[PDB]
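> Sequence, then the experimental structure. Questions to follow.
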Amino acid sequence: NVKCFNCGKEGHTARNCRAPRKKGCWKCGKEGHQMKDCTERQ
Ligand SMILES: [Zn+2]
Ligand SMILES: [Zn+2]
């Protein structure tokens, strides 16, 4: 279902989530790096 980019629990988005944004990958789902770090773009 819909899930969050911040914390990644379903039934809400990062725009709803007031859990501040996380250290893991905001996108690719791994956590051995952050959203900046991730070579998903590159
Ligand atoms: Zn969330
Ligand atoms: Zn990543």
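Perfect, I can see it now. Numbering: from 1, shown residues only. Ligands and ions are numbered 1, 2, ... in the order given.

> so how far is residue 39 from the most centrally placed residue in the chain?
Against the mean C-alpha coordinate of the chain, by CA atoms, centre = their mean, the closest residue is residue 26 at 2.5 Å. Here residue 26 is placed at a distance of 14 Å from residue 39 (CB to CB, to the nearest Å). Heads up, the C-betas are built off the backbone N, CA and C, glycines and all.

> which bits of the chain sit near ligand 1?
Within reach of ligand 1 by CB under 5 Å from the ion, the chain has these residues: 4, 6-7, 17.

> Do I have it right that residue 9 meets residue 2?
No - the pair residue 9 and residue 2 does not pass the contact test of CB atoms under 8 Å, sitting 10.2 Å apart.

> returning to that earlier point: filter the residues of the chain next to ligand 1 down to the buried ones.
For these, a neighbour count by 16 or more other CB atoms under 10 Å gives the buried set as 4, 6, 17.

> Report the contact partners of the last one.
Each residue near residue 17 by CB atoms under 8 Å, 6 or more residues apart in numbering is listed here: 4, 6-7.

> And for the first one?
For residue 4, the contacting residues are 10, 12-14, 16-17, taking CB under 8 Å, 6+ apart as the criterion.

> how about 10 Å then?
The contact partners of residue 4, taken as CB atoms under 10 Å, 6 or more residues apart in numbering, are 10-17, 19, 21-22, 26.

> quick revisit: not counting its neighbours along the chain, what's nearest the residue nearest to the centre of the chain?
Take residue 26 and drop its neighbours on the chain: the residue closest to it by CB to CB, 6 or more residues apart in numbering is residue 35, 3.6 Å away.

> same question, residue 21
For residue 21, ignoring the flanking residues on the chain, the nearest one in space by CB to CB, 6+ apart is residue 6 at 4.9 Å.

> so who does the one you found touch?
Contact criterion CB under 10 Å, 6+ apart gives 12-22, 24, 26 as the residues in contact with residue 6.
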